[PDB]
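What follows is one structure encoded as structure tokens, with my remarks underneath.
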Amino acid sequence: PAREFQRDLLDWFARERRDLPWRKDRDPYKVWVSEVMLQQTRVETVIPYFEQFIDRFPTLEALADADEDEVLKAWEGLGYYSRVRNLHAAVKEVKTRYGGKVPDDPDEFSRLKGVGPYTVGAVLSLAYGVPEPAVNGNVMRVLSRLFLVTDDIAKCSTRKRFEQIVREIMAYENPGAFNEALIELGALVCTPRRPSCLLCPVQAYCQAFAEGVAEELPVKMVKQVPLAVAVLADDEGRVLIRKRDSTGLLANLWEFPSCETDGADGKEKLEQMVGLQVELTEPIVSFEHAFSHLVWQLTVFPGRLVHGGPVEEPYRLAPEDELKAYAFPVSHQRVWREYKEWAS
DNA sequence: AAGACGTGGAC
DNA sequence: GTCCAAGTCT
Ligand code: SF4
Ligand SMILES: [Ca+2]
């Protein structure tokens with residue numbers, strides 16, 4: 001019923017599509033940015049970030065020419081920062097190697113950093129009309145119900161099957177709207193919980209509904225870490241911060257010098273990292289910060305700084321009124337907030 | 001394959 | 001507490 005189905009989906013879409021910021025046009029650059037921001041992130045959260053992001057970097061050229069620090073700052077608080085570092089580099093690549101024109105060939109576009117099987121399909125089909133499937137968790141949730149599939153969507157290979165299913169039923173006469181319509185359905189109707197099957201435009205074609213299992217689909221299958229953090233201030237008002245390693249957790253983001261005490265190292269633990277010297281005091285407070293794969297149990301230690309040498313390594317000395325210029329993980333934003341209300 | 005990789009918000 | 005939401009990389 002490919003053609004019939006395609007009609008009920010696309011029709012519902014034409015009359016129900018939300019007017020979101022990135023839907024004002026089909027500009028490749030803007031679709032690409034939005035698609036990256038939306039990955040594992042709530043639309044309500046992305047909206048403000050996209051509008052601020054595009055206002056700051058209006059075109060692919062603007063983003064390519066910006067310093068990663070300014071870009072990380074624009075991404076501050078969105079999470080999975082590796083997404084923007086991949087995007088930045090891909091945009092630089094497009095500019096220099098492709099003449100600032102986003103490749104419209106899957107094989108060419110897919111080679112860019114951050115562009116996986118979903119993003120190639122999403123960006124090329126919405127912005128160029130290239131008939132490629134754009135399968136992500138949303139699309140897999142929808143198709144697993146329409147075609148009652150019990151394959152764990154967490155399995156690497158499961159996606160390939162759903163992509164096959166899309167190549168099969170896709171409306172080649174307008175893939176962009178077909179791909180985008182599947183996502184809207186998953187977002188507005190066929191939701192994770194309580195899918196609104198009774199008002200669904202493609203209910204007639206749904207196997208999961210016929211069997212009354214729509215709500216059990218799709219089928220889908222952390223370490224605790226004590227962290228010691230020190231807020232160091234000059235007899236003048238400056239504080240010590242540093243730029244995290246360029247690989248791994250919160251890469252290239254700034255933070256207050258910290259140390260994984262993986263136990264009860266304590267104030268002395270951070271002290272050992274003084275090897276430029278200073279001393280600390282009692283812990284201002286302790287709180288937890290969760291990640292997808294771990295939970296940081298942080299403890300903040302106030303301390304005074306006394307200049308006895310240069311400031312090298314990743315370290316950097318910054319005036320209180322200059323901190324708002326660096327991108328800090330949310331956990332360190334609270335560290336500093338705690339510090340400020342403590343002293344105040 | 002399976003685990004790294006953030007965050008604010010419904011239940 | 002749980003489970004996230006329009007994945008990608010290794
Ligand atoms: S009927 Fe229900 S489960 Fe089936 S596609 Fe519509 S909303 Fe999804
Ligand atoms: Ca790729």
Side-chain angles (χ1 to χ4, degrees), chain A residues 13 17-18 20-23 30-50 72 75-87 89-90 109-110 112 114-123 125-127 133-143 151-160 162-163 166 176 178-192 218-219 222 224-225 244-245 247-253 255 288-296 327-334:
Chain A
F13 185 58
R17 87 196 301 264
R18 291 165 298 177
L20 307 169
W22 48 87
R23 279 174 180 168
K30 294 198 193 70
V31 172
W32 187 2
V33 175
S34 71
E35 291 296 337
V36 168
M37 287 187 162
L38 298 164
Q39 290 171 22
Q40 305 283 280
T41 308
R42 251 67 176 185
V43 176
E44 297 62 48
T45 295
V46 173
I47 287 171
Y49 273 91
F50 176 87
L72 273 173
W75 205 263
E76 184 181 57
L78 248 190
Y80 283 174
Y81 302 94
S82 179
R83 287 186 292 164
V84 82
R85 264 144 30 63
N86 288 160
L87 176 62
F109 187 60
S110 172
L112 300 175
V115 179
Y118 167 73
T119 302
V120 173
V123 180
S125 66
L126 307 194
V135 179
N136 53 23
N138 179 308
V139 183
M140 288 194 275
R141 175 173 65 250
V142 176
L143 300 181
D151 294 328
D152 174 36
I153 59 169
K155 275 189 63 59
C156 237
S157 61
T158 296
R159 199 194 74 276
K160 293 163 185 159
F162 284 118
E163 294 182 304
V166 163
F178 179 83
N179 281 347
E180 190 161 49
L182 231 31
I183 290 160
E184 272 311 80
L185 190 71
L188 311 180
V189 183
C190 187
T191 58
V219 169
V222 302
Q224 300 287 308
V225 185
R244 291 184 59 87
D245 188 54
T247 63
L249 201 65
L250 304 163
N252 283 43
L253 276 59
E255 78 183 319
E288 297 186 307
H289 185 70
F291 293 74
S292 285
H293 62 311
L294 66 109
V295 178
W296 270 354
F328 292 95
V330 165
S331 59
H332 284 255
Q333 289 179 49
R334 189 184 166 185

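Every chain is numbered from 1, with letters handed out A, B, ... down the list of sequences. FYI, side chains are in, hydrogens and waters are out, and symmetry mates aren't considered; it's all heavy atoms of this structure.
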How is A:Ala122 classified with respect to the nucleic acid when contacts are heavy atoms under 4.0 Å: base, sugar-phosphate, or nothing? nothing

With A:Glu180, which residues qualify under side chain to side chain donor-acceptor pair (under 3.5 Å), at least two apart? A:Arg17, A:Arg23, A:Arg26

Checking the side chain of A:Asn136 only, and the main-chain atoms of A:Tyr118 only, is there a donor and an acceptor separated by less than 3.5 Å? no

Would you indicate, yes or no, if B:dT7 has its OP1 or OP2 atom less than 4.0 angstrom from a side-chain nitrogen or oxygen of A:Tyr81? yes

Compare side-chain N and O positions of A:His289 against OP1 and OP2 of B:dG6 and report whether any pair is under 4.0 Å apart. no

Just to be sure I follow the notation: if a pair is Watson-Crick (purine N1 to pyrimidine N3 plus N6-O4 or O6-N4) or a G-U wobble (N1-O2 and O6-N3), each under 3.5 Å, what dot-bracket string does DNA chain B give, with | for pairs to another strand? ..|||.|||||

I want to verify a distance call: between C:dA6, B:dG6, C:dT8, whose nearest atom is closest to the A:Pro117 side chain? C:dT8

Applying side chain to side chain donor-acceptor pair (under 3.5 Å), can you list everything that pairs with A:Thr41, at least two apart in sequence or on another chain? A:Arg83

According to side chain to side chain contact (heavy atoms under 4.5 Å, CB included), who are the partners of A:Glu255, at least two apart in sequence or on a separate chain? A:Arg242, A:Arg244, A:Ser258, A:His332

C:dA6 phosphate, OP1 or OP2: any side-chain N/O from A:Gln39 under 4.0 angstrom? no

Sequence neighbours excluded, the answer for side chain to side chain donor-acceptor pair (under 3.5 Å) partners of A:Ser125 is A:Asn179

Would you tell me if any nitrogen or oxygen in the side chain of A:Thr119 comes within less than 4.0 Å of OP1 or OP2 on C:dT8? yes

Once hydrogens and angles are ignored, does a donor-acceptor distance under 3.5 Å link the base of B:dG6 to the side chain of A:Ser331? no

The side chain of A:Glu35 lies closest to which of these nucleotides: B:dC5, C:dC4, C:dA6? C:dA6

Kindly point out which of B:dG6, C:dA6, B:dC5 is positioned nearest to the side chain of A:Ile183? C:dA6

Closest approach to the side chain of A:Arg141, judged atom by atom: which nucleotide of C:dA6, C:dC9, C:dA5 is it? C:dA6

